[PDB]
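K.L.:
Quick one, what's the 3D model for this:
(chains A, B, C and D)
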Amino acid sequence: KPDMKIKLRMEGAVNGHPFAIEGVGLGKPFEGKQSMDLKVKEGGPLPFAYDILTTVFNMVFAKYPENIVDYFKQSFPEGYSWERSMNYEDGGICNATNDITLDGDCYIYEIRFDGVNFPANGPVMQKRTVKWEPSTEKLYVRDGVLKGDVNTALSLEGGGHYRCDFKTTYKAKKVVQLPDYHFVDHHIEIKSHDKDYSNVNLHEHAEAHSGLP
Amino acid sequence: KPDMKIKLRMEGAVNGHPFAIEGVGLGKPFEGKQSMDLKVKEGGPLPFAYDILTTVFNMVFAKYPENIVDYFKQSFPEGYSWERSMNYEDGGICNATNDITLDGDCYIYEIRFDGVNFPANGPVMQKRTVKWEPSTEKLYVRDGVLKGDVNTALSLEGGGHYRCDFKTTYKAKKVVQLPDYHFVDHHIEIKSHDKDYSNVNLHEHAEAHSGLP
Amino acid sequence: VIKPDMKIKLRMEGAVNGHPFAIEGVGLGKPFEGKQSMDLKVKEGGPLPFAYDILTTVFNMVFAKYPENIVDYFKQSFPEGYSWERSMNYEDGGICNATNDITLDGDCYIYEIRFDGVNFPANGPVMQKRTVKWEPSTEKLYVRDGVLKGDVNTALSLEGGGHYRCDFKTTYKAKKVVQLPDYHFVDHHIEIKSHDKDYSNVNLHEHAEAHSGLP
Amino acid sequence: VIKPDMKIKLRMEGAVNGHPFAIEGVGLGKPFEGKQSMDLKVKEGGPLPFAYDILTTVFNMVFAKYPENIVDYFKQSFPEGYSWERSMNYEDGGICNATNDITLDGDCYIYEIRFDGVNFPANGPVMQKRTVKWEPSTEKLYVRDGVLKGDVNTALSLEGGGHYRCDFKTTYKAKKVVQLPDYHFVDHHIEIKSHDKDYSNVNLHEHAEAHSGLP
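P.N.:
Residues are numbered from 1 along each chain as shown, chains lettered A, B, ... in the order given. Let me share the structure:
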């Protein structure tokens, strides 16, 4: 349990063109770190910026302090699922779902990803994104369900940023104690990749906190 | 060509639960009318309001006057595709794509539909929708591509309305003459259905115009 | 008893990107024809440094032609009158909030208007005055928690072609209990017929008609 | 040369749902500690019929503690000063637009503030005064077309539990050419420490610190 495995498959489409990606990786749930290797199995070479997928490729790998209820770790071995809409400032929209289950010492994700209305001359279809900036998600309860909101941005090639609003709903398969309003800091990073992003090495890191004291 | 057939399959998911629906119907492209019969093949009985699907189940069945360029009819026999995001006022989001091709005298649609973040206590998951109100879409060109925007609403069971914003991108497979800014009036209606909407008879009607003279 | 010819008098005070201005207007309209016109004069803050078109839809649904079979919330509200509040969200993030308190003095409607726009970028069509006109639009009216609302997504045509979209969300509040209408539409067509060079003087016309949509 | 102790003086004029009000304030802050406090007095339109919390984040990033390795746009802008514009979009559709023109007179910052909120529903937490406080927040600052912007999605906690979300979009404009910063964050914590019953008098505190996010 201090060190775990991940294997995943994402099937989806962007602007109506389908693709599928599989990933293997591992992380340290108490340290709030994870890493993975993904390879495109269908729809390659991908005609859109890979960065729109990386935040879809699991909060159980977040470091939670003692004084904040950890909804995600407490959700296992049964697991949880999440749904997310990602609204980019030029009207591109990505909807994603992930069902996270646990197999002994391996989390397996079934992921669906669907993006529409990305303009041909925009940074996503023209692959002008560089990386996601570090972000701060706010988590809160709404009608007995845990939600997460974060407004973040991608840095662009010629400088400047491309904004996106995330709205996530988290659903444990069993009743879990709900946390108070709190935050989770994120840093997601693609360390290595081949020319057309057929191979991607992705690292993410996060920690929950309670904001300015 | 005055009277045509339609056959379609939609595969999708709502809040992560997958389903699939097939439809047969026919319409009169110059009269701006269409009708169809759909049956759920997978994921039934559907746990969400059927109304969120009906506007996804083809502008070629719109009556265009002489003085407005008809992008959609002019797009055949090669056809066109469209992408759409549907943003409901409580945060539920549906992304849809449709690739419309022509087989002799039959249009066939390949449809993908993905909705996320519909709350359990909302009108969609609680099936408290009645029908779509009549609507007026505005069509305009953006960077050489035809777009359509319409903000409409579903009537609810106890009275009141549930709003949704549509953003559609239309892409002909071949270069087609682009129209000027214009409007398309819509009325979509489910005439008949069985208890759990396994069977649905759907009718739609539309006409392009140029607004108040 | 609304008359076929009524008068309009108005004062708008406002600001765009923090720069204040004020405009006064006098006009006339035909409530049963759904038509109105007015002459507007900049009294403070001229010459206006932003596109005049962002103001024109703020310069009264009582001048919309309602058929007999649709409840007319606006004509019912007089002689006491009504007020409305509106936010206008432009696609580049410029936001305008406006309010109008409408009273009646004889055969003259009087408007007290506040207008505040923020976050219009210096290189955008509003601050660079690259707007041409509003396209015709279709507003949707509906009731929310006993209050009448109006929504419309429309657009301004631009100098070099193309359009600049805006979403309006309006709340209408009668000053007495009036019968509420069912869901319906109001088509709009607004036009600046003439103006002087710096838009210190503007002659504005509007045409509006209610309907029930595609039959 | 910003000092460790500076003074604040302000006047806000505004309206919510068309009802006007005005508030004057005097305060103090510690720019190198990222802390400030002020006493606010309602001068017109009292007793305010809306939740005071919608105003508090409008009542100056110069009082944010900036580390040496992040360019401080706000301290650089003085003595000439800077202005900002902001829209605040609440999840039930209430929208507030605000502007602040900040100048410096000796060791005292002077604010000229306009505030205009519309479309707050009668049964919502703002008009029913069911807000408790702002949660701590993290604003993201970035440059857009040579102009500094700030975005934050945050929330008010409510009387009966739960939260009421709001999205802020702010534009910051220095009154002279200053060096622009890279993408960074400012954490905020704002609190009403005391007030009289009808909020005619309010003592408000804010704490802010810039950082570069998760390392």
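K.L.:
Tell me the buried residues in stretch A:186-202?
P.N.:
For stretch A:186-202, a neighbour-count test (16 or more other Cβ atoms under 10 Å in any protein chain shown) marks A:186-188, A:190, A:197, A:200, A:202 as buried. Heads up, the C-betas are built off the backbone N, CA and C, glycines and all.
K.L.:
and that stretch, does that touch chain D?
P.N.:
Yes - judged by Cβ under 8 Å from any Cβ of the partner chain, stretch A:186-202 comes into contact with chain D through A:186-187.
K.L.:
quick one on the thing from earlier: determine which two of the buried residues of stretch A:186-202 are furthest apart.
P.N.:
Distance extremes for the buried residues of stretch A:186-202: the farthest pair is A:186 and A:197 at 20.8 Å, using Cβ to Cβ.
K.L.:
ok, the buried residues of stretch A:186-202 vs chain C, which is closest?
P.N.:
Chain C lies nearest to residue A:186 out of the buried residues of stretch A:186-202, by Cβ to the nearest Cβ, at 24.7 Å.
K.L.:
Just give me the neighbour total for residue A:68.
P.N.:
Residue A:68 has 17 neighbouring residues, counting by other Cβ atoms under 10 Å in any protein chain shown.
K.L.:
Go through the buried residues of stretch A:186-202 and say which is closest to residue B:163.
P.N.:
Using Cβ to Cβ, the buried residues of stretch A:186-202 come closest to residue B:163 at residue A:186, 31.7 Å.
K.L.:
quick one: what helix or strand has that closest one in it?
P.N.:
Using DSSP states H and E, residue A:186 sits in strand A:182-193.
K.L.:
swap in residue A:12?
P.N.:
According to DSSP H and E, residue A:12 maps onto strand A:4-14.
K.L.:
One more: residue A:53?
P.N.:
helix A:51-54.
K.L.:
C-terminal to that helix, what's the next element?
P.N.:
Using DSSP H and E, the next helix or strand after helix A:51-54 towards the C-terminus is strand A:80-88.
K.L.:
Wondering if that next one reaches chain C at all.
P.N.:
No - contact of strand A:80-88 with chain C (Cβ under 8 Å from any Cβ) is absent, the minimum separation being 13.3 Å.
K.L.:
That strand close to chain D?
P.N.:
No - for a cut-off given as Cβ under 8 Å from any Cβ, strand A:80-88 has no contacts with chain D; the smallest distance is 11.3 Å.
K.L.:
following that strand, which helix or strand comes up?
P.N.:
Strand A:80-88 is succeeded, C-terminally, by strand A:93-103 (DSSP H and E).
K.L.:
Return the distance of the helix or strand following that following strand from the chain's centre.
P.N.:
Per DSSP H and E, the first helix or strand lying C-terminal to strand A:93-103 is strand A:106-116. Remark: strand A:106-116 is offset 9 Å from the chain centroid, using Cα atoms, centre = their mean, to the nearest Å.
K.L.:
Could you list the buried residues of strand A:106-116?
P.N.:
Across strand A:106-116, burial judged by 16+ other Cβ under 10 Å covers A:107, A:109, A:111-116.
K.L.:
Is any residue of that strand near chain B?
P.N.:
Yes - residues of strand A:106-116 contacting chain B under Cβ under 8 Å from any Cβ: A:112, A:114-116.
K.L.:
Now do that strand against strand B:80-88, angle only.
P.N.:
Put simply, strand A:106-116 runs at 110 degrees to strand B:80-88, going by axes from the mean of the first three to the mean of the last three Cα atoms, to 10 degrees.
K.L.:
What pairs with strand A:106-116, parallel or antiparallel?
P.N.:
Paired strands of strand A:106-116, with direction, are strand A:4-14 (parallel), strand A:93-103 (antiparallel) (DSSP bridges).
K.L.:
would you turn those strands into TSV with distance to residue B:69 and mean neighbour count?
P.N.:
As requested, the strands paired with strand A:106-116 are arranged in TSV below (distance: least, Cβ to Cβ, whole Å; neighbours: other Cβ atoms under 10 Å in any protein chain shown):
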stretch	distance to residue B:69	mean neighbour count
strand A:4-14	29	19
strand A:93-103	28	21
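K.L.:
okay, those in TSV with distance to residue B:13 next?
P.N.:
Converted to TSV, the strands paired with strand A:106-116 look like this (distance: least, Cβ to Cβ, whole Å):
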stretch	distance to residue B:13
strand A:4-14	11
strand A:93-103	7
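K.L.:
quick one, what contacts the closest residue to residue A:174 other than its chain neighbours?
P.N.:
In space, and not counting its chain neighbours, residue A:174 is closest to residue A:78: 4.9 Å by Cβ to Cβ, 6 or more residues apart in numbering or on different chains. Residues in contact with residue A:78 (Cβ atoms under 8 Å, 6 or more residues apart in numbering or on different chains) are A:102, A:172-174.
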